[PDB]
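*Asks:* One structure coming up, written as structure tokens, with questions to follow.
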Amino acid sequence: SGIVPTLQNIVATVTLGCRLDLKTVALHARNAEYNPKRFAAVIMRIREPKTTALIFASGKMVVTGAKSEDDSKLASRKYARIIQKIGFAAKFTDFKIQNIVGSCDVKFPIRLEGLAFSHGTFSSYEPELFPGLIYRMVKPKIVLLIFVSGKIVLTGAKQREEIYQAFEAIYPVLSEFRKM
Amino acid sequence: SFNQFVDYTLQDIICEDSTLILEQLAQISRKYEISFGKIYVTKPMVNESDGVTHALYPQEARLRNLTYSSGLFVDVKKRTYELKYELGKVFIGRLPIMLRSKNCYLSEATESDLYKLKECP
Amino acid sequence: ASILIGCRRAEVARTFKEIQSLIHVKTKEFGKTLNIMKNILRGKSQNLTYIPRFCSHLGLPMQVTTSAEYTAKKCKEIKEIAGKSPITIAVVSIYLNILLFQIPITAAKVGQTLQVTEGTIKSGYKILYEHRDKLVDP
Amino acid sequence: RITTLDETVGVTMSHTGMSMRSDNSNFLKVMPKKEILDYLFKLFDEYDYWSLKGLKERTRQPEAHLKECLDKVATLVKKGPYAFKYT
Amino acid sequence: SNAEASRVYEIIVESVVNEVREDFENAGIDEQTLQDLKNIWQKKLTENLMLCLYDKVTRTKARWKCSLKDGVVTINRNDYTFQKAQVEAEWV
Amino acid sequence: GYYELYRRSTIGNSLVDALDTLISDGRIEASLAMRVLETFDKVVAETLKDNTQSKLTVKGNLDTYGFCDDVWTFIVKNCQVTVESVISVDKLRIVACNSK
């Protein structure tokens, strides 16, 4: 094999533990977005790292859009910095990975039909609704997107090893149901 | 007695009460009207279990235990009165067919034409 | 969902839009509720059937009906381009085998018939005219 | 006499049951506490014995804060002529 | 510099004086004071800011696309009046 | 209705300076220049909607997007405004409100 699934998205919640004013913040801040009639939360984005802060009113904020565990951690300290920069007493608190998204490729065509017929307890293949295949892993708890071309997208993970251990237990199963 | 029931009476039963409305109460109310123009008839057929609706012949109908029957269709007319301001082929029932009638295929057959269909003249 | 259970268990051929032409199930609610019922059936222990109904919808002879059958059979074993939903793969087997003969239908009438896209099947015709070799039987 | 539809049947028969050609017809398709109380006192100055159904329509703001102020400085009359009407 | 905007500025001064002529008679100050309002405003008529109204702002990944309608933009001491606009900027 | 964002333009500040000159220096009565600016937000609102035929195309680097009280605010750095004429603006403040 020798294949490492490249990560695509890492999600992390940050609870500041305070309460701001959304009209006061948006009338003075720069790179921020907020709409009361659609979704009453402040959307903050920074150029480096390119992430997405979701500032609620009750001190809640989720940071998403990074690739490494540090990039979701570094941007959240930058996200905690601007709220302290406005005039509030924000605090970098409650750090937890919400999800780690990763996708890769195997460079051989995959027999999805015989795989779905064999692994019907975990495969869910509906050919006219979703052109890929939906596979769920018990240990570890990983849901996987399988394409015929070889695109193996993985989700439902808080740790980096859970993506890699899921690939190792399924790539011989990928190597069984192959074509050319 | 069969053919006069088909050619004339089937328009008599429908067109004598071909209209029906629904008095919708609103405050500005409304009305809606459904009507039927002419009823249309078909040839004897069988819709099989998969869904193929093809031709039919009574020799196979005797062996497969079916209903030598043709579908019927209605030209429906929909209206809406808003208080009277005004702003479609529907199957209804497979009617069983009497043999050697005008709607049946075997009315148009010679001597040997029945012989190629295993039916006695 | 249990209607679609009767489609699969009694070897019938029904589609989601066929039920959506009758009921308003809003698809995303419909499929996940269908999915969890399957796990109940898993917790309580094939597009070839769809072919001749459309042939019955078009009114085609049996030799023309089995012509798309040998088409749709050999289309899976040939591979390339993979699934891309078998519904349009069925209807391009129709359009190929009707281009084998001379039946006046074209793409506009069959587009309104099975409710699809004329521009889609010409793109599938592009890979099919290249694959015109490995599909002849007599 | 009644005309007979004379084709390959299944073309006409396809429109009977499922056909995936839906619709094609238009027939039967169907706040702060002191700030909201100031508007409520302005609304009570016009109509006092008034139901909360049109009041939630006329205000259309924070109805939970409107329901909290309606029990705060107002007494909703239950039955009688002024049913569900503040006082 | 625009011959259309100089034609536009001719309509704006003429529509203002002809509409508050009734209120200058209701207040009853003077008719020539309204004429003094016109000559001073045309004498004054003789930092890159866009003032308009948004209709649709679409954003994908980091690319923005904004559908703008009806405004007046003054860029580099030059007056411009438009009817439609599209802003396809890119925020890093 | 009738917003007041067009009183901050070139002719938006020209009518305010021509009305405040009459009130402060002269004896022009108060609460009458307000009706002129309300008329100024009415005529130009029907002028840029109807008597305008220019189209603009702006492409640059966005630095600040702000949205508050149905008012969109943009600052695009190094933008080229294409009239119908391409004008390379180093910084163009874009303010937009709801047209409905």
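Starting from 1 in every chain, residues are counted up; chains themselves are A, B, ... following the order of the structure tokens, and ligands are numbered from 1 as listed.
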Considering only C-alpha atoms, extract the chain A residues located within 7 Å of chain F and return them as a tab-separated table (two decimals) with N, CA, C and O atoms, in the first residue's frame.
*Replies:*
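result-v4.tsv was written with the following content:
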chain	number	residue	atom	x	y	z
A	23	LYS	N	-24.56	43.42	17.50
A	23	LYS	CA	-24.64	44.65	16.72
A	23	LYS	C	-23.49	45.59	17.06
A	23	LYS	O	-23.03	46.34	16.20
A	26	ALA	N	-20.25	43.87	15.26
A	26	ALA	CA	-20.24	43.99	13.81
A	26	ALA	C	-20.16	45.44	13.32
A	26	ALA	O	-19.82	45.67	12.16
A	27	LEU	N	-20.45	46.41	14.18
A	27	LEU	CA	-20.34	47.80	13.77
A	27	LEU	C	-18.92	48.34	13.94
A	27	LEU	O	-18.65	49.50	13.59
A	30	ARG	N	-13.98	44.08	11.42
A	30	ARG	CA	-13.70	44.17	10.00
A	30	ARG	C	-14.17	42.91	9.32
A	30	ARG	O	-15.24	42.90	8.69
A	31	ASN	N	-13.41	41.83	9.47
A	31	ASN	CA	-13.65	40.60	8.72
A	31	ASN	C	-14.66	39.76	9.48
A	31	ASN	O	-14.31	38.72	10.06
A	32	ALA	N	-15.92	40.18	9.45
A	32	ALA	CA	-16.95	39.45	10.18
A	32	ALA	C	-18.27	39.59	9.44
A	32	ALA	O	-18.53	40.59	8.78
A	33	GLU	N	-19.11	38.56	9.56
A	33	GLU	CA	-20.40	38.50	8.88
A	33	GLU	C	-21.50	38.08	9.85
A	33	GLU	O	-21.30	37.18	10.66
A	34	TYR	N	-22.68	38.70	9.75
A	34	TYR	CA	-23.75	38.39	10.69
A	34	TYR	C	-25.10	38.83	10.17
A	34	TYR	O	-25.27	39.98	9.75
*Asks:* Within 8 Å of segment 40-57 of chain B, counting only C-alpha atoms, which residues show up once you throw out same-chain ones fewer than 6 positions away? Write them as a PyMOL selection string, please.
*Replies:* (chain B and resi 67-75+97+103-104) or (chain C and resi 12-13+52-53+56-57) or (chain D and resi 2-6+8-10+13)
*Asks:* If we count only C-alpha atoms, what is near segment 21-36 of chain C at a cut-off of 6 Å, once residues fewer than 3 positions away on the same chain are taken out, given as a list in words?
*Replies:*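 Skipping anything fewer than 3 positions along the chain leaves residues 1, 17, 18 and 39 of chain C; 20 and 22 of chain D.
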*Asks:* For the selection you just gave me, I'd like the residues written to a file as a CSV table (one decimal), in the first residue's frame, keeping C-alpha atoms.
*Replies:*
chain,number,residue,atom,x,y,z
C,1,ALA,CA,-40.5,2.4,2.1
C,17,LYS,CA,-39.7,9.2,-8.7
C,18,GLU,CA,-42.5,6.7,-9.5
C,39,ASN,CA,-31.4,-2.0,9.4
D,20,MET,CA,-42.8,10.4,-13.1
D,22,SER,CA,-45.6,15.3,-11.7
*Asks:* Write out as a ChimeraX atom specification which residues come within 9 Å of segment 64-79 of chain D when counting only C-alpha atoms, dropping same-chain ones fewer than 6 positions away.
*Replies:* /D:31-34,36-37,40,49,51-52,56,85-87
*Asks:* Apply DSSP to the structure's backbone, then extract all residues of chain E labelled strand (DSSP E or B) and return them as a PyMOL selection string.
*Replies:* chain E and resi 49-60+63-74+79-87+90
*Asks:* One decimal, Å: what's the distance from atom CA of residue 82 of chain F over to atom CA of residue 50 of chain A, could you say?
*Replies:*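 Calculated distance between atom CA of residue 82 of chain F and atom CA of residue 50 of chain A is 29.6 Å.
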*Asks:* Quick one: everything within 9 Å of residue 117 of chain B, counting only C-alpha atoms, minus sequence neighbours fewer than 3 positions away in the same chain. Send it as a PDB file with C-alpha atoms, in the first residue's frame.
*Replies:*
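Saved result, selection-v4.pdb, follows:
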ATOM      1  CA  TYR B  57     -56.320 -13.393 -27.335  1.00  0.00           C
ATOM      2  CA  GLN B  59     -57.094 -18.851 -26.156  1.00  0.00           C
ATOM      3  CA  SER B 112     -58.808 -19.916 -41.882  1.00  0.00           C
ATOM      4  CA  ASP B 113     -58.198 -16.787 -39.797  1.00  0.00           C
ATOM      5  CA  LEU B 114     -59.854 -18.608 -36.910  1.00  0.00           C
ATOM      6  CA  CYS B 120     -63.626 -23.135 -33.945  1.00  0.00           C
TER       7      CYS B 120
END
*Asks:* Considering only C-alpha atoms, state which residue in the set B:110, B:101, B:65, B:80 is at the smallest distance from residue 21 of chain B.
*Replies:*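 Among the listed residues, the smallest separation from residue 21 of chain B belongs to B:80.
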*Asks:* Residue 150 of chain A: which residues within 7 Å, counting only C-alpha atoms, same-chain residues fewer than 2 positions away excluded, as a PyMOL selection string?
*Replies:* chain A and resi 105-110+147-148+152
*Asks:* Okay, now the selection with N, CA, C and O atoms, as a compact mmCIF listing (two decimals), in the first residue's frame?
*Replies:*
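The resulting file, out.txt, is reproduced below:
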# COMPACT_ATOMS: atom_id res chain seq x y z
N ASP A 105 -6.88 8.36 -2.51
CA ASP A 105 -7.10 7.64 -3.75
C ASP A 105 -6.25 6.38 -3.75
O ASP A 105 -5.19 6.34 -3.12
N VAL A 106 -6.72 5.34 -4.45
CA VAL A 106 -6.03 4.05 -4.47
C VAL A 106 -5.56 3.65 -5.86
O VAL A 106 -4.77 2.69 -5.98
N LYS A 107 -6.04 4.32 -6.92
CA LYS A 107 -5.60 4.15 -8.31
C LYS A 107 -5.86 2.74 -8.86
O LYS A 107 -5.04 2.19 -9.60
N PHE A 108 -6.99 2.15 -8.49
CA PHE A 108 -7.52 0.99 -9.20
C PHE A 108 -9.03 1.01 -9.09
O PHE A 108 -9.57 1.50 -8.09
N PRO A 109 -9.76 0.53 -10.11
CA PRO A 109 -11.22 0.50 -10.02
C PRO A 109 -11.70 -0.52 -9.01
O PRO A 109 -11.15 -1.61 -8.88
N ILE A 110 -12.75 -0.15 -8.28
CA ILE A 110 -13.24 -0.92 -7.14
C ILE A 110 -14.59 -1.52 -7.51
O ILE A 110 -15.46 -0.82 -8.04
N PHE A 147 -15.75 5.56 -3.76
CA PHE A 147 -16.07 5.81 -5.16
C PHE A 147 -15.50 4.67 -6.01
O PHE A 147 -14.64 3.90 -5.56
N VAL A 148 -15.99 4.53 -7.24
CA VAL A 148 -15.53 3.46 -8.11
C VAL A 148 -14.13 3.74 -8.64
O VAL A 148 -13.33 2.82 -8.81
N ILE A 152 -11.55 7.62 -1.65
CA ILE A 152 -11.93 7.09 -0.35
C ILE A 152 -11.94 8.24 0.65
O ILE A 152 -10.90 8.59 1.22
*Asks:* Please identify all residues of chain C having at least one atom at most 8 Å from any atom of chain A, considering only C-alpha atoms, and return them as a list in words.
*Replies:*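 Here they are: residues 42, 82, 83, 84, 85, 86 and 87 of chain C.
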*Asks:* Restricted to N, CA, C and O atoms, what would the selected residues look like written as a PDB file, in the first residue's frame?
*Replies:*
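The new file result-v7.pdb reads:
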ATOM      1  N   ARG C  42     -32.274  -5.864   8.704  1.00  0.00           N
ATOM      2  CA  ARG C  42     -30.993  -6.450   9.069  1.00  0.00           C
ATOM      3  C   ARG C  42     -30.941  -6.807  10.545  1.00  0.00           C
ATOM      4  O   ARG C  42     -30.206  -7.723  10.923  1.00  0.00           O
ATOM      5  N   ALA C  82     -18.279   3.508 -15.283  1.00  0.00           N
ATOM      6  CA  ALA C  82     -18.966   2.881 -14.159  1.00  0.00           C
ATOM      7  C   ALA C  82     -20.465   3.140 -14.192  1.00  0.00           C
ATOM      8  O   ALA C  82     -21.049   3.265 -15.273  1.00  0.00           O
ATOM      9  N   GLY C  83     -21.086   3.224 -13.019  1.00  0.00           N
ATOM     10  CA  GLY C  83     -22.534   3.303 -12.895  1.00  0.00           C
ATOM     11  C   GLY C  83     -23.170   4.551 -13.466  1.00  0.00           C
ATOM     12  O   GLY C  83     -23.835   4.482 -14.501  1.00  0.00           O
ATOM     13  N   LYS C  84     -22.966   5.683 -12.775  1.00  0.00           N
ATOM     14  CA  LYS C  84     -23.542   6.993 -13.131  1.00  0.00           C
ATOM     15  C   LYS C  84     -25.060   6.927 -13.212  1.00  0.00           C
ATOM     16  O   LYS C  84     -25.683   7.541 -14.071  1.00  0.00           O
ATOM     17  N   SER C  85     -25.643   6.149 -12.285  1.00  0.00           N
ATOM     18  CA  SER C  85     -27.021   5.661 -12.206  1.00  0.00           C
ATOM     19  C   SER C  85     -27.424   4.837 -13.426  1.00  0.00           C
ATOM     20  O   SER C  85     -27.357   5.297 -14.571  1.00  0.00           O
ATOM     21  N   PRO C  86     -27.923   3.622 -13.191  1.00  0.00           N
ATOM     22  CA  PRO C  86     -28.286   2.739 -14.306  1.00  0.00           C
ATOM     23  C   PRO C  86     -29.540   3.150 -15.046  1.00  0.00           C
ATOM     24  O   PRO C  86     -29.863   2.504 -16.052  1.00  0.00           O
ATOM     25  N   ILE C  87     -30.268   4.169 -14.579  1.00  0.00           N
ATOM     26  CA  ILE C  87     -31.524   4.553 -15.227  1.00  0.00           C
ATOM     27  C   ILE C  87     -31.255   5.111 -16.618  1.00  0.00           C
ATOM     28  O   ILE C  87     -31.861   4.687 -17.612  1.00  0.00           O
TER      29      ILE C  87
END
*Asks:* Just checking: using only C-alpha atoms, which residue out of D:41, D:48, D:57, D:62 ends up closest to residue 82 of chain D?
*Replies:*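 Among D:41, D:48, D:57, D:62, it is D:48 that comes nearest to residue 82 of chain D.
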*Asks:* With a cut-off of 12 Å, could you pull out the residues of segment 32-71 of chain F touching segment 26-49 of chain E and give me the nearest pair of atoms for each, distance in Å to one decimal, using only C-alpha atoms, ordered by chain and ascending number, as JSON lines?
*Replies:*
{"residue": "F:32", "atom": "CA", "partner": "E:27", "partner_atom": "CA", "distance": 8.6}
{"residue": "F:33", "atom": "CA", "partner": "E:37", "partner_atom": "CA", "distance": 10.4}
{"residue": "F:36", "atom": "CA", "partner": "E:37", "partner_atom": "CA", "distance": 10.7}
*Asks:* Just give me the gap between atom CA of residue 97 of chain C and atom CA of residue 19 of chain C in Å, one decimal is fine.
*Replies:*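 Computing it gives 28.4 Å between the two atoms.
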*Asks:* Within 12 Å of chain B, which residues of chain C show up when using only C-alpha atoms, listed as a ChimeraX atom specification?
*Replies:* /C:7,10-14,48-62,65
*Asks:* Would you please work out which residue, of D:46, D:7, D:63, D:38, is nearest to chain B when using only C-alpha atoms?
*Replies:* D:7
*Asks:* Can you work out which residues from chain E touch chain F at a cut-off of 8 Å (counting only C-alpha atoms) and hand them back as a VMD selection string?
*Replies:* chain E and resid 8 12 15 to 16 20 29 37 40 to 41 44 to 45 48 to 55 69 to 75 79 81 to 92
*Asks:* For the atom pair atom CA of residue 14 of chain B and atom CA of residue 39 of chain B, what is the interatomic distance in Å to one decimal place?
*Replies:*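 Separation between atom CA of residue 14 of chain B and atom CA of residue 39 of chain B: 7.7 Å.
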